[PDB]
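Number of protein chains: 2
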Amino acid sequence: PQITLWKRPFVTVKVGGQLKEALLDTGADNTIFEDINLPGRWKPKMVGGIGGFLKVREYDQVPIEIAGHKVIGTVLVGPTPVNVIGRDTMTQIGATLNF
Amino acid sequence: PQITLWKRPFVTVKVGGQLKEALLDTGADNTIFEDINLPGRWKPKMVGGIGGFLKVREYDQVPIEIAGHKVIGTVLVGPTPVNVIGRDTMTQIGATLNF
Ligand SMILES: CC(C)CN(C[C@@H](O)[C@H](Cc1ccccc1)NC(=O)O[C@H]1CO[C@H]2OCC[C@H]21)S(=O)(=O)c1ccc(N)cc1
Ligand SMILES: CC(C)CN(C[C@@H](O)[C@H](Cc1ccccc1)NC(=O)O[C@H]1CO[C@H]2OCC[C@H]21)S(=O)(=O)c1ccc(N)cc1
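Chains as they are written, first to last, in the working numbering: chain R, 12 to 110; chain E, 12 to 110.
(1) So, does the CB of residue 4 (chain E) fall closer than 8 Å to a CB anywhere in chain R?
(2) Using a 10 Å radius around the Cβ and a threshold of 16 neighbouring Cβ atoms, would you call residue 94 (chain R) buried or exposed?
(3) In chain order, what residues place their C-beta within less than 6 Å of a heavy atom belonging to ligand 1?
(4) Which runs of the alpha helix (DSSP H) at least 4 residues long sit entirely within the region 18-43 of chain E? Give them in chain order.
(5) Examine ligand 2 and report whether any of its heavy atoms sits within less than 7 Å of the Cβ of residue 74 (chain E).
(6) Looking at C-alpha atoms only, which residue of E:12, E:50, E:19 is the closest neighbour of residue 99 (chain R)?
(7) By the criterion of Cβ-Cβ separation under 9 Å, what are the contact partners of residue 17 (chain E) in chain R?
(8) Interface residues of chain R around residue 58 (chain E) at Cβ under 9 Å?
(9) Report the three-state DSSP secondary structure of residue 104 (chain E) (helix, strand or coil).
(10) Under a three-way DSSP split, which group does residue 71 (chain E) fall into?
(11) At a CB-CB cut-off below 8 Å, which residues of chain E make contact with residue 75 (chain R)?
(12) So residue 28 (chain R) contacts chain E; which residues on that side make the cut at Cβ distance below 7 Å?
(13) Is residue 86 (chain R) near ligand 2 - that is, is its Cβ less than 7 Å away from at least one heavy atom of it?
(14) Which chain E residues are close to residue 14 (chain R), counting only those with a beta carbon under 9 Å from its beta carbon?
(15) Could one say the Cβ of residue 20 (chain E) lies closer than 8 Å to chain R's Cβ atoms, at least one of them?
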């Protein structure tokens, strides 16, 4: 797809086999979800955004699918106010910003 | 250009007569700069991100030149950790996400 930016660029994403939606966010280094329950242990990680920091749970080798592209990546789970697909995942699906 | 996302997508911007650098951020609704001095009246606003809220000043009808494309629109000013170009500005230059 070729997505304009008049509205927030949410995409359908299946993460851990669960159908969710998340914002394609070129300003985010990492992919973060708030409304998923992933299996197994996780490791503590911290991320920093506009208003300060959050403690997140880092889950590794998680399957992610967007627009037919299935990849294996790192997913953070934490109190983000909105699910975001970061550059880590977007590079895997070959997304670019164009103008 | 076509911008891959292996590194943070910074672009050169001219705002308030000054050359600045800012992150092209499709997860940001609005453009925000730190420490730039704009003429005219502003209104107080708040923006919300990961980690909490940010107090900013909103200036309207601000010319911005983004990697050499002219736009007139809203510019927020406040202590963001990184200057961001948001969707409000990127829609004015026809930016799209492609995958
Ligand atoms: C979370 C988004 C929906 C909103 N943010 C834009 C976002 O792209 C920020 C943009 C950003 C970038 C750096 C620092 C602060 C904010 N990125 C971000 O928080 O990323 C975090 C997750 O991955 C990590 O990598 C970058 C920081 C971590 S935001 O900075 O809060 C924001 C909110 C409103 C406006 N108008 C402009 C920006
Ligand atoms: C920095 C501005 C973008 C925001 N200002 C918020 C304010 O808390 C800032 C917070 C602030 C200020 C500067 C840089 C980062 C953050 N403080 C401030 O101006 O303090 C002044 C008095 O001491 C002087 O030296 C320090 C700054 C000067 S503000 O214009 O008054 C403001 C207040 C409320 C809202 N909603 C939106 C904006």
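Where is the CB? At the ideal position from N, CA and C, for every residue including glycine.
Here's the rundown:
(1) Past the edges of chain E, shown from 12 to 110, lies residue 4 (chain E), and the structure says nothing about it.
(2) Taking the first sequence and counting its residues from 1, the one referred to as residue 94 (chain R) is at position 83. Burial call: buried.
(3) R:34, R:36, R:38, R:39, R:40, R:41, R:43, R:58, R:59, R:60, R:61, R:93, R:95, R:97, E:36, E:38, E:39, E:40, E:41, E:43, E:58, E:60, E:61, E:92, E:93, E:95, E:97
(4) none
(5) Residue mapping note: residue 74 (chain E) aligns to position 63 of the second sequence, counting from 1. No.
(6) Residue numbering aside, residue 99 (chain R) sits at position 88 when the first sequence is read from its first letter. Per the Cα distances, E:19.
(7) Residue numbering aside, residue 17 (chain E) sits at position 6 when the second sequence is read from its first letter. Per Cβ cutoff of 9 Å: 98, 102.
(8) Numbered from its first residue, the second sequence carries residue 58 (chain E) at position 47. In chain order: 61, 62.
(9) Residue 104 (chain E) sits at position 93 when you count from the first residue of the second sequence. Of the three classes helix, strand and coil, the one that applies to residue 104 (chain E) here is helix, per DSSP.
(10) Residue mapping note: residue 71 (chain E) aligns to position 60 of the second sequence, counting from 1. Residue state, collapsed to three classes: strand.
(11) Translated into the one-based positions of the first sequence, residue 75 (chain R) becomes position 64. Those within 8 Å of residue 75 (chain R) in chain E number zero; the least Cβ separation is about 13 Å.
(12) Counted from its first residue, the first sequence places residue 28 (chain R) at position 17. Correct list: empty, because the minimum Cβ distance to chain E is about 21 Å.
(13) Counting from 1 along the first sequence, the entry for residue 86 (chain R) is found at position 75. Checking the Cβ of residue 86 (chain R) against ligand 2 gives no.
(14) Your numbering for residue 14 (chain R) matches position 3 in the first sequence. By Cβ distance, chain E contributes 37, 107, 108, 109, 110.
(15) Here residue 20 (chain E) refers to the residue found at position 9 when the second sequence is read from its first residue. Yes, its Cβ sits closer than 8 Å to a Cβ of chain R.
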